[PDB]
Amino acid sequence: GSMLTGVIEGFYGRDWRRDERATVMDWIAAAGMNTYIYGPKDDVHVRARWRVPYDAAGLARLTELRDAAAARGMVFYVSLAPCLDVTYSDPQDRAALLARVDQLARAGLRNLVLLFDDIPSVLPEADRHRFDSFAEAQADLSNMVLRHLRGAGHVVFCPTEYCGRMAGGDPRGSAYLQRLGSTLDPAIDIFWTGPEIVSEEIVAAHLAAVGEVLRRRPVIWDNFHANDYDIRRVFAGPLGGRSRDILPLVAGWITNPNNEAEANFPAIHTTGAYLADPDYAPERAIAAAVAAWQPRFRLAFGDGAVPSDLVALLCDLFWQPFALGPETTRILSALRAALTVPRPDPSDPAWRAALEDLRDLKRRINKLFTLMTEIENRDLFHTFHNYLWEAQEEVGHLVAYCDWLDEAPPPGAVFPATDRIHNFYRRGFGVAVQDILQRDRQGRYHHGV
């Protein structure tokens, strides 16, 4: 029945504003979820200066957040990361962590996340005589925190190895997780991101193996909708790659979403749908999300709104970490097939259809882009402005190339790029690296043989 479900503010970049946190909490509550975790990397007291307690203002914002979540039938957690230059056995360090916990506890914030995701290269020297491993040291420090709470509230532990790859493939083969699962107090839940930091799929056999080594069902920390790893990307598609059959194997489900608060309407809608609806299907879920989301696209000067089909296009373009949207996938795939020859036949309906859909894609992106400039909510506009520009430019250049092939140029003729494509397109440091570190169609890396 009951289970921790919701969002972690846990990404690398600027933290959300008070109003953005309120909007997101609204969306969490509307989606049937019950948790907000405060842990933005931008907060100095979480990680960088973990020894230093909050001043009155910092603590007041936290209690306000707890109250705001409470009013929506939600729980609120506060993160700490005492892992940067911690001596796990040291009195002053243990006491300094206890003071942090005491402050939060005396202010009524007894729901804590302890993070241990970034440590030094070997065990500290003053700790080697007390503890036999990082796992045992972290476990003891966390158990101290749990015991200070006196059976009230809840502790969730982020491990150093929090995915399959970090644990070495099969999590049951990790020395770290073996010692962690046996040493961390049974009352403390453990985060897990699946086989990777950003998991393409989270499957039942994986989670069963994780539960074995951890000695408890994991709380999922899903990075499926996270975009902090790529400046070029945002994820407005549905949650995918997790069957509902995995949910019996977890103790919780927290999602670490896009940096841009306004980008997360579909992430929250569809993740809530996944957790609630036994018939969850990503393409049906995104349709329901798009219908709910569409009134946010009202136009500023007159009685219009961006059409549902163009909002749907927005999600298709900006879909998922390991898939383009169904429309965009098929358009590009059709073009690839038609481009197996150096000169496609302009009379061939395969080519003609592929080109026409590409042209139509261009016209629709243009329509969407123009209408986005006209919406009332400028935060939503600026969320997608640059991502939309990028897509528009790419599609335009592909259209100009395919249009030139549609004239049936001779085999020796070369595409007149100087007249058709801007000089500034596809340049810089990342392109220079990608020119050396090539990747072929089957996914294999090479440097041009």
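In case it trips you up, residue 1 is the first one in the sequence shown, and so on.
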- Task: Quick one: say whether 16-24 or 437-445 has the higher mean Cα B-factor in the deposited entry.
- Result: 437-445
- Note on the structure: For 71-79 versus 163-171, entry-based mean Cα B-factors point to 163-171
- Note on the structure: Among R359, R94, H269, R336, the highest C-alpha B-factor in the PDB entry belongs to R94
- Item | Member of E283, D230, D222, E125 with the greatest C-alpha B factor (per the PDB record) | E125
- Task: Among all modelled residues of this chain, ranked by Cα B factor, put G304 in the bottom, middle or top third, i.e. lowest, middle or highest.
- Result: highest
- Using the B-factors in the PDB entry, rank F322's C-alpha atom against the chain and give the third, lowest, middle or highest. middle
- Note on the structure: By the entry's values, the third containing the CA B factor of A413 is the highest
- Message: Considering every modelled residue of the chain and its Cα B-factor in the PDB entry, is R150 in the lowest, middle or highest third?
- Response: highest
- Of the three thirds of its chain by CA temperature factor, lowest, middle or highest, which one includes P218? lowest
